[PDB]
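Trainee: First, the structure itself, so that you have it in front of you.
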Amino acid sequence: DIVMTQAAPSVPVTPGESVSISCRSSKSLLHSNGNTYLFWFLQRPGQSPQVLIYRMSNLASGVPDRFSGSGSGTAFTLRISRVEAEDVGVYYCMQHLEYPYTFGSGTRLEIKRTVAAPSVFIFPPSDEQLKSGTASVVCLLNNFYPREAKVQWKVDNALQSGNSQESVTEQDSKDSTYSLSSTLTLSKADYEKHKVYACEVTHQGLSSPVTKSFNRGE
Amino acid sequence: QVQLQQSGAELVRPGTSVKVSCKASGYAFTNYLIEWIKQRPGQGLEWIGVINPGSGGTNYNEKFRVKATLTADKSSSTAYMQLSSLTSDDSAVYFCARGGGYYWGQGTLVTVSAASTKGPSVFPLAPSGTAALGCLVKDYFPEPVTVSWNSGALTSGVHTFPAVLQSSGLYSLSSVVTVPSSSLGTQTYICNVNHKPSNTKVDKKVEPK
Numbered sequence: 001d002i003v004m005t006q007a008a009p010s011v012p013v014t015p016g017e018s019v020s021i022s023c024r025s026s027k028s029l030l031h032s033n034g035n036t037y038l039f040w041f042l043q044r045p046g047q048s049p050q051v052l053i054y055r056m057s058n059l060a061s062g063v064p065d066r067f068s069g070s071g072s073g074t075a076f077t078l079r080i081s082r083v084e085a086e087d088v089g090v091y092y093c094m095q096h097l098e099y100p101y102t103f104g105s106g107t108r109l110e111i112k113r114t115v116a117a118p119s120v121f122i123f124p125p126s127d128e129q130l131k132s133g134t135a136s137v138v139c140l141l142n143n144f145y146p147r148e149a150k151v152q153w154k155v156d157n158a159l160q161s162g163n164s165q166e167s168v169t170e171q172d173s174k175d176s177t178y179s180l181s182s183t184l185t186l187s188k189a190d191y192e193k194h195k196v197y198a199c200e201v202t203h204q205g206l207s208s209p210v211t212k213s214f215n216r217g218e
Numbered sequence: 001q002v003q004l005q006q007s008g009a010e011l012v013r014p015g016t017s018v019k020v021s022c023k024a025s026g027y028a029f030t031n032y033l034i035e036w037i038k039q040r041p042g043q044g045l046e047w048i049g050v051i052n053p054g055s056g057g058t059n060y061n062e063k064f065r066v067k068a069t070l071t072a073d074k075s076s077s078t079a080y081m082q083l084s085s086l087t088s089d090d091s092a093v094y095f096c097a098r099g100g101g102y103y104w105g106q107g108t109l110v111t112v113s114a115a116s117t118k119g120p121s122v123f124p125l126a127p128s135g136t137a138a139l140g141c142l143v144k145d146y147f148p149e150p151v152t153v154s155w156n157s158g159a160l161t162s163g164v165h166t167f168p169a170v171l172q173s174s175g176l177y178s179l180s181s182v183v184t185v186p187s188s189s190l191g192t193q194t195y196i197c198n199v200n201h202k203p204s205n206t207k208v209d210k211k212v213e214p215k
């Protein structure tokens, strides 16, 4: 088969600047008809892929003129000029010369915005959930940048281990931030043996960790 | 305007077969090829194969020759992909695309599992000049759950997080929204949760406690 390689799993770009995304093939994609059968696609989160460039260097119908493609037959570059916050997503190359058709592993475009510390919020378990016998304590880290952020749970000031789970959003297409939720799960019986619940957050935008907390029963 | 409409999400048992469809409209179905693509969760694109709906001719990626069968019905402008001997490795989103990749179907999620369907419990994340509130959608199977706010009227400031798979084998997700603190006494906030696999529709009002 033809192996397609994308050397960068991600590339950071400040809005307004240009970016190049590379792809390589293990065989020439040049056909004897003179065309090179290399395609570039964009895939936004939760959506189907969308074509950007066909036959290595041609802009597909309806794609902004800030996108361009070029290449040698075995090495290819997708160039995006004046990168916008909305350009976040994964860019894949694909060869359409020989069966089986094959795709590169994708390059995520990460928008480099100003560093922003998270706005932290803590939510105790609802009384509705407590009636059912379980307690979920939620810590929200909202609209921060960069992606990396650590959340530590403390119960009666004691650091927790093995009982939390985190989920992170995709980079926002307008403001270029991430949000994160951490859930600490205990039984209702164990939740009621402690008074203080806190989430401590570490992030580049904070000079020292931020803690949000509540006392059970307010 | 062209459309490739794919069949809905499928929860299917291991060892069985699943048949997904891709109905074309807005163009002459028999004049263009249909290609099939697999995307494992959080992973890249894998090409399965292609069919010419006019001739019935097919080509398969060797990796899918045993598992996949591509067919097309000219009378209903529908392309079909059947996958056999299903394993958890077949759990993925499958896309159909018109040859060349300008037009694509919306994808069909296939979950291969012997686990039972289970609807979620929805709990409020009550708000404490901006306030955050939300809903915790707990203990459901399979994916997906969708969440809207105020029947779709509230979209700004909403973040619906990816679901997490718990140790129990059940999923959970949270959806949050930030709103002006001044609105908490005058505006009703409702999270509309839909878990189509279990026919669960919950419209939970989230109030300051």
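If you read the sequences in order, they're chains L and H.
Here the first sequence is numbered in PDB author numbering, starting from 1 and rising by one per residue.
With PDB author numbering applied, the second sequence corresponds to residues 1 to 128, 135 to 215, in that order.
Using N, Cα and C, we set each Cβ at its ideal position, and we do this for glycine too.
With the cut-off set at 8 Å, would you say residue 219 of chain L and L:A149 are in Cβ contact?
Mentor: No statement about residue 219 of chain L is possible, as the shown extent of chain L runs from 1 to 218 and does not include it.
Trainee: Report buried or exposed for H:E10, applying the criterion of at least 16 other Cβ atoms within 10 angstroms of its Cβ.
Mentor: buried
Trainee: Short of 6 Å in beta carbon distance, which residues of its chain neighbour L:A198, apart from the five on each side in sequence? Order them along the chain.
Mentor: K154, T211 and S213
Trainee: Tell me the DSSP secondary structure of H:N205 in three-state form.
Mentor: In the displayed model, H:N205 falls within coil according to three-state DSSP, outside both helix and strand.
Trainee: Does the region 198-215 of chain H come close enough to the region 144-155 of chain H that 3 or more CB-CB pairs lie under 8 Å?
Mentor: yes
Trainee: Would you mind working out which of H:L109, H:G140 and H:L160 sits nearest L:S181, comparing C-alpha positions?
Mentor: Taking only the C-alpha atoms, the option nearest L:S181 is H:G140.
Trainee: So, using beta-carbon positions, are L:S136 and H:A126 closer together than 8 Å?
Mentor: no
Trainee: Shorter than 8 Å from the beta carbon of residue 216 of chain H to some beta carbon of chain L?
Mentor: As displayed, chain H neither begins before 1 nor continues past 215, which places residue 216 of chain H out of reach and without an answer.
Trainee: Please report how far the alpha carbon of H:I37 lies from the alpha carbon of H:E213, in whole angstroms.
Mentor: Taking the straight line from one Cα to the other gives about 44 Å.
Trainee: Pair every Cβ in the region 192-207 of chain L with every Cβ in the region 65-73 of chain H, then say whether three or more of these pairs are closer than 8 Å.
Mentor: no
Trainee: State whether the region 23-43 of chain L contacts the region 75-93 of chain L, with contact taken as three or more CB pairs (one from each stretch) at a distance under 8 Å.
Mentor: yes
Trainee: How would you write the range of the beta strand (DSSP E) that H:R98 sits in, first residue to last?
Mentor: Its beta strand (DSSP E) spans residues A92 to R98.
Trainee: Here's the rule I'm using: 16 or more other beta-carbon atoms within 10 Å means buried, otherwise exposed. How should H:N61 be labelled?
Mentor: Looking at its Cβ environment, which holds 16 or more other Cβ atoms inside 10 Å, H:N61 is buried.
Trainee: Need the endpoints of the beta strand (DSSP E) that L:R79 sits in, please.
Mentor: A75 to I80
Trainee: For H:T58 and chain L, any beta-carbon pair shorter than 8 Å?
Mentor: no
Trainee: Report yes if the CB atom of H:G15 is closer than 8 Å to the CB atom of H:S85, and no otherwise.
Mentor: Yes; because the gap between Cβ atoms is below 8 Å, this pair is in contact.
Trainee: For a cutoff of 8 Å on Cβ pairs, would you count H:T184 as touching chain L?
Mentor: yes
Trainee: Mind pulling the beta strand (DSSP E) runs of 3 or more residues that sit fully within the region 15-75 of chain L?
Mentor: 19-25, 38-43, 50-54 and 67-71
Trainee: Are the region 66-79 of chain L and the region 21-32 of chain L touching, with three or more C-beta to C-beta distances below 8 Å?
Mentor: yes
Trainee: Check H:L125 in the structure and name its three-state DSSP category.
Mentor: strand
Trainee: For a contact defined as C-beta to C-beta under 9 Å, what are the partners of H:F95 on chain L?
Mentor: Near H:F95 (Cβ distances below 9 Å), the residues of chain L are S48 and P49.
Trainee: How about the region 161-168 of chain L and the region 95-109 of chain L: do they share at least three Cβ pairs that are nearer than 8 Å?
Mentor: no
Trainee: At a Cβ threshold of 8 Å, is H:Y146 touching chain L?
Mentor: no
Trainee: Where do the N-terminal and C-terminal ends of the beta strand (DSSP E) with H:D73 fall, by residue?
Mentor: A68 to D73
Trainee: List the DSSP bridge partners of L:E200.
Mentor: L:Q152 and L:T211, per the DSSP bridge assignment.
Trainee: Alpha carbon to alpha carbon, how far is H:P124 from H:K211?
Mentor: 8 Å
Trainee: DSSP state of H:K211, grouped into three classes?
Mentor: strand
Trainee: So the candidates are H:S113, H:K74 and H:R98; which of them puts its Cα closest to the Cα of H:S91?
Mentor: H:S113
Trainee: Using a beta-carbon distance below 8 Å, is H:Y102 in contact with chain L?
Mentor: yes
Trainee: Taking a contact to mean a Cβ-Cβ separation below 8 Å, would you say L:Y178 touches L:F123 in this structure?
Mentor: no
Trainee: Would you kindly work out how many angstroms separate the C-alpha atoms of H:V164 and L:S26, rounded to a whole number?
Mentor: 44 Å
Trainee: Go to L:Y91, then tell me how far its beta strand (DSSP E) extends in each direction, as first and last residue.
Mentor: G89 to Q95
Trainee: Write down the C-beta distance between L:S20 and L:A85 rounded to the nearest angstrom, noting that I regard them as a contact closer than 8 Å.
Mentor: Actually they do not touch by this definition, with Cβ atoms about 19 Å apart.
Trainee: Taking CB distances under 8 Å as the criterion, tell me whether L:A60 reaches chain H.
Mentor: yes
Trainee: Would you mind stating whether L:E128 and L:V83 have Cβ atoms separated by less than 8 Å?
Mentor: no
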